[PDB]
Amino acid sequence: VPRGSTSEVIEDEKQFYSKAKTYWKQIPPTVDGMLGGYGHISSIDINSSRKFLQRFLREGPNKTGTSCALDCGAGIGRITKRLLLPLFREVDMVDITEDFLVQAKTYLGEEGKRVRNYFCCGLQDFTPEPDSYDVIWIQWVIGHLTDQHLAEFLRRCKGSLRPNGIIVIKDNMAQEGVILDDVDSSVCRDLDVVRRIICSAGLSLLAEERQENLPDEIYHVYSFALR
């Protein structure tokens, strides 16, 4: 049987979180560190993310606003710099790794002056301000949370959306089940698991898209827009 939940694969939740924190503390604060040796795919990623997001920014009743975005698991701000700052008047960042948020101030340069809050916190401990964000962007980090913490975090995110706001998840997906990476202390979940968690959080799918033009050897990557 494939595993369907993190409670089948995580031996010790405190250790699951503490190992991950130790792992990121020893990664270079660079794009290649953010992307696990795949820094070269960054522009492919950012281009696809932009096209994806722009579907929600068209004029009409449901137009997503452009006042403020939240970058979750932001690291040094790769996504903040190239995707979000150009489109949103202000951006807030949240990440567990202080060294990355420090580096972000250099990495983001002058445009980084529009980053408002730098929150140094685990997602599992973070409660975003109600009615604050037009877009909450969650990329390449959901594997670091347990199913219970991810569902809860998504509920808190829902309460922080402005009218017409969306949450975006973009992440690695397993073909089947829930797969533990015991080196970076994360899990990779299949699309059925991720959709289940989204539904548990009282969220609905607006769109789902597979990322194209990636190296053949890596986990498939999907984007979900939610409200």
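When you see a residue number, it is the position in the sequence shown, counting from 1.
S.K.: Take the C-alpha B-factors listed in the entry for 89 to 97 and for 112 to 120, compute each mean, and give the stretch with the larger one.
M.R.: Stretch with the higher mean C-alpha B-factor: 112 to 120.
S.K.: Look up the CA B-factors in the entry and say which stretch, 181 to 189 or 195 to 203, has the higher mean.
M.R.: It is 181 to 189 that shows the higher mean C-alpha B-factor.
S.K.: Which of these, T127, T106, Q148, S132, has its C-alpha atom at the highest B-factor, as the entry lists it?
M.R.: In this record, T106 carries the highest C-alpha B-factor of the candidates.
S.K.: Maximum C-alpha temperature factor per the entry, among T64, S48, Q26, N172, belongs to which one?
M.R.: The C-alpha B-factor peaks, among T64, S48, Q26, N172, at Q26.
S.K.: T30's Cα B-factor: lowest, middle or highest third of the chain?
M.R.: Highest third of the chain for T30's C-alpha B-factor.
S.K.: Among all modelled residues of this chain, ranked by Cα B factor, put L83 in the bottom, middle or top third, i.e. lowest, middle or highest.
M.R.: For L83, whose C-alpha B-factor we compare with every modelled residue in the chain, the answer is the middle third.
S.K.: Among all modelled residues of this chain, ranked by Cα B factor, put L226 in the bottom, middle or top third, i.e. lowest, middle or highest.
M.R.: Tercile = lowest for this residue's CA B-factor.
S.K.: Sorting the chain's CA B-factors, does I76 end up in the lowest, middle or highest third?
M.R.: As the PDB entry reports it, the C-alpha B-factor of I76 lands in the middle third of its chain.
S.K.: Going by the recorded CA B-factors, say which third of the chain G165 sits in, lowest, middle or highest.
M.R.: CA B-factor rank for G165: lowest third.
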